[PDB]
Amino acid sequence: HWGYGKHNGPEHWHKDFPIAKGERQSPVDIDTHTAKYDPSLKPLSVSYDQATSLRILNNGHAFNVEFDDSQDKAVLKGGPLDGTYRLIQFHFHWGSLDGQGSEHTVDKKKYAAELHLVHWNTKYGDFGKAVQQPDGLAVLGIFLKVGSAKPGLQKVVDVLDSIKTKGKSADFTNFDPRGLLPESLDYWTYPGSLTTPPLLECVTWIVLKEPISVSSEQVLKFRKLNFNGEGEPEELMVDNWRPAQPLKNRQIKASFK
Ligand SMILES: NCCc1ccc(S(N)(=O)=O)cc1
Ligand SMILES: NCCc1ccc(S(N)(=O)=O)cc1
Ligand SMILES: NCCc1ccc(S(N)(=O)=O)cc1
Ligand SMILES: [Zn+2]
């Protein structure tokens, strides 16, 4: 019964998920002056041409676009990663207002939203095993700012009426996640966690420097979703973001100078 309200939001999660106060929690503030350029980092390899999207779900905290991860169809490699990571789902976090919504921050700047493309390390066989491992997941984070529309986001926007409330799902085949990427794949990377319970410390974070632009109309539709189930008092799905956590004994590395 965790969520994002006053009574069950991020400040409460530690009572059921004590790892909330752990040593490698996410998100974090990215201090761009402190992040060290690491020339040993590789270019990211994003191989999404054969992606197979299947369904979109309102899970009560966000909406997830789910993929067929039973073969190496949509994978992330290179960068800081050893081995092959398969795309399982993407989702977003966003605000009630354009001046907040991202989970990571940059020099304390909050973006209007953040996209997370979630991948699991194939050496562990399944997502549920991978989350038990320190190198089990790689999450590609992409900031959203409000300006011009993102054409590749519009299919997502237009299906949201069909999944307004918690527990609703809809067919969502033939979606190309390449349409959500910025032009540049320059990134920061650091070891961290899931940003929702169970907050497991299993993620290599790869946060792209270049934000994507979406329109005010696009993000407005996100904010008309509901946390609640059908027939229950309406609770708009907004401010479903965890704030920055202590960096502790971690280094953020930059792929670029
Ligand atoms: N729903 C109110 C009671 C309640 C509040 C907080 C949590 S936690 N620690 O999981 O965030 C569970 C239950
Ligand atoms: N093989 C696992 C398939 C799969 C399971 C769950 C989800 S989600 N995004 O709703 O957590 C997506 C894909
Ligand atoms: N719901 C599946 C588990 C889970 C997957 C990804 C994330 S995040 N926000 O860190 O990309 C949190 C939890
Ligand atoms: Zn997320």
# chains A, B, ... in the order shown; residues from 1 in each chain; ligands from 1

$ closest_atom_pairs --of "chain A" --to "ligand 4" --cutoff "8 Å" --atoms "only C-alpha atoms and all ligand atoms" --output "CSV"
residue,atom,partner,partner_atom_place_in_ligand_line,distance
A:90,CA,ligand 4,1 (Zn),7.9
A:91,CA,ligand 4,1 (Zn),6.2
A:92,CA,ligand 4,1 (Zn),6.1
A:93,CA,ligand 4,1 (Zn),6.3
A:114,CA,ligand 4,1 (Zn),7.7
A:115,CA,ligand 4,1 (Zn),7.0
A:116,CA,ligand 4,1 (Zn),5.0
A:194,CA,ligand 4,1 (Zn),7.2
A:195,CA,ligand 4,1 (Zn),6.0
A:196,CA,ligand 4,1 (Zn),7.2

$ residues_near_ligand --ligand "ligand 1" --cutoff "6 Å" --atoms "only C-alpha atoms and all ligand atoms" --output "list in words"
residues 1, 2, 7, 8, 9, 12, 13, 14, 15 and 16 of chain A

$ residues_around --residues "residue 88 (chain A)" --least-positions-apart "2" --cutoff "9 Å" --atoms "only C-alpha atoms" --output "ChimeraX atom specification"
/A:65-69,74,86,90,117-120,127

$ write_last_selection --atoms "N, CA, C and O atoms" --output "mmCIF file, in the first residue's frame"
data_model
loop_
_atom_site.group_PDB
_atom_site.id
_atom_site.type_symbol
_atom_site.label_atom_id
_atom_site.label_comp_id
_atom_site.auth_asym_id
_atom_site.auth_seq_id
_atom_site.Cartn_x
_atom_site.Cartn_y
_atom_site.Cartn_z
ATOM 1 N N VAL A 65 4.537 0.129 -20.851
ATOM 2 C CA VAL A 65 4.498 -0.504 -22.163
ATOM 3 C C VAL A 65 5.430 -1.714 -22.116
ATOM 4 O O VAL A 65 6.613 -1.580 -21.821
ATOM 5 N N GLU A 66 4.817 -2.889 -22.320
ATOM 6 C CA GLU A 66 5.482 -4.154 -22.070
ATOM 7 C C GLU A 66 5.923 -4.768 -23.400
ATOM 8 O O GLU A 66 5.201 -4.649 -24.398
ATOM 9 N N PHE A 67 7.069 -5.456 -23.349
ATOM 10 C CA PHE A 67 7.685 -6.090 -24.519
ATOM 11 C C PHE A 67 7.812 -7.611 -24.349
ATOM 12 O O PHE A 67 7.923 -8.101 -23.220
ATOM 13 N N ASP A 68 7.921 -8.278 -25.502
ATOM 14 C CA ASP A 68 8.294 -9.694 -25.523
ATOM 15 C C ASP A 68 9.777 -9.756 -25.223
ATOM 16 O O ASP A 68 10.586 -9.380 -26.070
ATOM 17 N N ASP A 69 10.152 -10.251 -24.055
ATOM 18 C CA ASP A 69 11.559 -10.416 -23.702
ATOM 19 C C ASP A 69 11.976 -11.898 -23.659
ATOM 20 O O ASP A 69 12.846 -12.241 -22.873
ATOM 21 N N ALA A 74 15.157 -6.773 -28.500
ATOM 22 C CA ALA A 74 15.387 -5.367 -28.185
ATOM 23 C C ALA A 74 16.401 -5.335 -27.058
ATOM 24 O O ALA A 74 16.031 -5.696 -25.943
ATOM 25 N N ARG A 86 18.113 -7.243 -21.997
ATOM 26 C CA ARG A 86 16.894 -7.245 -22.785
ATOM 27 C C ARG A 86 15.856 -6.262 -22.293
ATOM 28 O O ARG A 86 15.580 -6.280 -21.091
ATOM 29 N N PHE A 90 8.932 -0.106 -20.675
ATOM 30 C CA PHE A 90 9.233 1.299 -20.347
ATOM 31 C C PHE A 90 8.016 1.918 -19.658
ATOM 32 O O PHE A 90 6.888 1.520 -19.857
ATOM 33 N N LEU A 117 13.512 3.128 -19.695
ATOM 34 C CA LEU A 117 13.536 1.899 -20.492
ATOM 35 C C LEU A 117 14.303 0.836 -19.701
ATOM 36 O O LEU A 117 15.466 1.007 -19.423
ATOM 37 N N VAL A 118 13.552 -0.176 -19.221
ATOM 38 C CA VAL A 118 14.067 -1.135 -18.248
ATOM 39 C C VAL A 118 14.541 -2.420 -18.949
ATOM 40 O O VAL A 118 13.771 -3.000 -19.723
ATOM 41 N N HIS A 119 15.784 -2.800 -18.665
ATOM 42 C CA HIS A 119 16.376 -3.982 -19.283
ATOM 43 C C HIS A 119 16.975 -4.896 -18.225
ATOM 44 O O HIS A 119 17.515 -4.416 -17.237
ATOM 45 N N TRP A 120 16.950 -6.207 -18.489
ATOM 46 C CA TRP A 120 17.556 -7.180 -17.583
ATOM 47 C C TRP A 120 18.663 -7.999 -18.236
ATOM 48 O O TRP A 120 18.621 -8.301 -19.444
ATOM 49 N N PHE A 127 13.707 -11.761 -15.378
ATOM 50 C CA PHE A 127 13.704 -10.489 -14.681
ATOM 51 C C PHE A 127 13.729 -10.677 -13.169
ATOM 52 O O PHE A 127 14.438 -9.969 -12.455
#

$ residues_around --residues "residue 31 (chain A)" --least-positions-apart "6" --cutoff "9 Å" --atoms "only C-alpha atoms" --output "MDAnalysis selection string"
chainID A and resid 105:108 252

$ select_by_dssp --residues "region 11-255 of chain A" --states "alpha helix (DSSP H)" --output "CSV table (one decimal) with C-alpha atoms, in the first residue's frame"
chain,number,residue,atom,x,y,z
A,127,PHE,CA,13.7,-10.5,-14.7
A,128,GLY,CA,12.8,-11.9,-11.3
A,129,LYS,CA,16.3,-13.4,-10.9
A,130,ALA,CA,18.1,-10.4,-12.3
A,154,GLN,CA,1.6,10.2,-29.8
A,155,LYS,CA,0.5,6.5,-30.1
A,156,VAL,CA,1.1,6.2,-26.4
A,157,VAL,CA,-0.9,9.4,-25.7
A,158,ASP,CA,-3.8,8.3,-27.7
A,159,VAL,CA,-4.3,4.9,-26.0
A,216,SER,CA,2.1,20.5,-23.3
A,217,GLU,CA,-0.9,18.6,-24.7
A,218,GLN,CA,1.1,15.3,-24.6
A,219,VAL,CA,2.0,15.6,-20.9
A,220,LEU,CA,-1.4,17.0,-20.0
A,221,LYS,CA,-2.9,13.7,-21.1
A,222,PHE,CA,-0.5,11.8,-18.8

$ atom_distance --atom1 "CA of residue 251 (chain A)" --atom2 "CA of residue 109 (chain A)"
19.1 Å
